[PDB]
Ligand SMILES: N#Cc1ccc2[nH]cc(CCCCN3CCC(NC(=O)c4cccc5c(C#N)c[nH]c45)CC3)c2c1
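For reference, the chain that follows is the form deposited without the named molecule, supplied as structure tokens.
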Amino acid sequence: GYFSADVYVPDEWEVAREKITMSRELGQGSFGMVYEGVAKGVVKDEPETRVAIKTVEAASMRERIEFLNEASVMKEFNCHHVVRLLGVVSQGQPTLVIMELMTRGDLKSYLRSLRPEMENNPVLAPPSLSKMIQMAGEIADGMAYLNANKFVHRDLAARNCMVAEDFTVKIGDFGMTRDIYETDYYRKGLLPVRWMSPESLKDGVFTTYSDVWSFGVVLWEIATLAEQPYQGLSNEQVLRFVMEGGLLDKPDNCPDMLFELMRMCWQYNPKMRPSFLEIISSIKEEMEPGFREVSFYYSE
């Protein structure tokens, strides 16, 4: 005959609704509206914590179940450089998922906000080597953690990183900016072709080594303040260019070292690319002191 129905099963992440409050709306995701707020007793030794609250009500039960199970993916991760899931409210409506708040948003958006506006007003200078490296190492650390946890990301990109209040960069909540930056995708399956390794453009397979490639592109993103890679090239022309050993250009005024890093990631042969761990090792001396205390890299 056959094999039989999708459910959500409450667990230890279940949090009491009356412990949650919402205020400022941050935007809207696929499943519904996303708010900022306060959660009580969801971080150890913190009476109260600022959080992000993703909501589904209107919505069908199939839908909210699927939003529940998808968000839950984040439950198996505990890393300073990966955006946390703090709780779930699945009992009653509306359906809630409580996440770590990243006040400064997705990295692509943060990066763009640093672009000088077209007025006559004084402006902060472009990010320094040092700050840029700090971001690279935080991102790399989250990726290393993910890798060691048997994960392949497949969509590593600035849009898929977030930025905390203290400027700490982290691997973003999975799948939260795809639709928003829709032009960053191409239906080769909607895929982020400008971030893709040559091997992945060929056979459609993703590895940690193709996550490194994309990391290279994320660094380029930082250096250009979130320009579209292969700017002038059509989607199709990108495939050929990249598969044929083509490479992104050293950005105007990009420090040598950051470009060197990018360069090591964009090596054609995946087996010649540094691992995430190796990447961090090459730049640890440049990292803010506190990285020893918080990073996966330096941990047991």
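All residue numbers are counted from 1 along the displayed sequence. Think of the rigid core as the biggest set of C-alphas that the two forms share within 1.5 Å after superposition.
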For at least a third of the other PDB entries compared, is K170 missing from the model even though its neighbours are present?
no
Taking the other PDB entries of this protein that cover both neighbours, check whether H80 lacks coordinates in at least a third of them.
no
Interresidue gap class [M262, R263; deposited sequence, unmodelled]
none
Unresolved deposited residues in the interval that joins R112 and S113:
none
Looking at the entry, does 116-124 or 164-172 show the higher mean C-alpha B-factor?
116-124
Mean C-alpha B-factor comparison - 269-277 and 39-47, higher one:
39-47
Quick one: classify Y185 as lowest, middle or highest third of the chain based on its Cα B-factor.
middle
Among the chain's modelled residues, which third holds the C-alpha B-factor of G92?
highest
Within-chain third of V212 by Cα B-factor, per the entry:
lowest
Taking the C-alpha B-factors as the PDB entry records them, is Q228 in the lowest, middle or highest third of its chain?
middle
In terms of its chain's C-alpha B-factors, the third that includes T177 is the highest
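One more form of this protein exists, namely the form solved in complex with the named molecule; it is left out here, but the text below deals with it.
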Which single stretch, out of 257-265, 38-46, 63-71, 227-235, brings residue heavy atoms within 4.5 Å of the named molecule in the deposited complex?
63-71
Is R273 one of the residues lying within 4.5 Å of the named molecule in the deposited complex, judged by heavy atom distances?
no
Taking heavy atoms and a 4.5 Å cut-off, does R194 contact the named molecule in the deposited complex?
no
State yes or no: in the deposited complex, is some non-hydrogen atom of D155 no more than 4.5 angstroms from a non-hydrogen atom of the named molecule?
yes
Does the 4.5 Å heavy atom contact test between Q134 and the named molecule in the deposited complex come out positive?
yes
Quick one: of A223, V83, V217, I139, which gets a non-hydrogen atom within 4.5 angstroms of the named molecule in the deposited complex?
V83
For the named molecule, considered in the deposited complex: do all three of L248, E285 and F296 come within 4.5 Å of it, counting heavy atoms only?
no
With the rigid core superposed, which of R194, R178, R84, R154 has its C-alpha shift by 2 Å or more between this form and the one not shown?
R178
Rigid-core frame, C-alpha of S72, shift of 2 angstroms or more between this form and the one not shown
yes
Does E236 move appreciably between this form and the one not shown, meaning a CA displacement of 2 Å or more on the superposed rigid core?
no
Would the C-alpha of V97 be classed as shifted by 2 Å or more between this form and the one not shown after rigid-core alignment?
yes
Your call: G204 and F67 CA atoms, closer or farther in the deposited complex versus the shown structure, by 3 Å or more?
closer
So the C-alpha spacing of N69 and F206 changes by 3 Å or more in the deposited complex; is that change toward closer or farther than shown?
closer
